[PDB]
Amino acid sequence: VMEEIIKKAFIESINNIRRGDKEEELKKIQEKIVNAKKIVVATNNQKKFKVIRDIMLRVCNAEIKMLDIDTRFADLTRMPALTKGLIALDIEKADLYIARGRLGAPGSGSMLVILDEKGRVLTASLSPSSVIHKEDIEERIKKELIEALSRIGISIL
């Protein structure tokens, strides 16, 4: 049915009557996150994985697994985090894919992104460059994931 809602949105864009996001779109996204039972985290360090896993378990009742392959094979692309997400989508079966990496060019800070079964971007969050930041990574990852969930109306509480 997501295909249907997005189709409605696209029809609205075609007819030049679209004004931003619709409530049914957002609730479809939230329902998609909350009702997810399989989640893949596309990084090899387990710290990251634990943070993300335990956060996501309070939002959904999913099996959350990690990725055996390492994704440095994305640190040469234009948007590394997204590329990691797409690699994970290509080699692993899930209803949600969670990725974290560099936003764009070297120096651009960090991005965490959540993709669905067909590679659509559901939500994302950013952190300043670790260069200026100088704060811990687990707390920063927690901040990223919580903002990414909250900005689409999902409470970790």
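Start at 1 and count along the sequence shown; that's the residue number.
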query: Which is higher on average in the deposited entry, the C-alpha temperature factors of 43-51 or of 90-98?
result: 43-51
statement: Between 19-27 and 6-14, the record assigns the higher mean Cα B factor to 19-27
Given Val131, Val113, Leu67, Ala105, the residue at which the Cα B factor reaches its maximum: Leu67
- request: Name the third of the chain's ranked CA B-factors that contains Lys37, choosing lowest, middle or highest.
  value: highest
- request: Please place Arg58 in the lowest, middle or highest third of its chain by C-alpha B factor as given in the entry.
  value: highest
- line: By the entry's values, the third containing the CA B factor of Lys84 is the middle
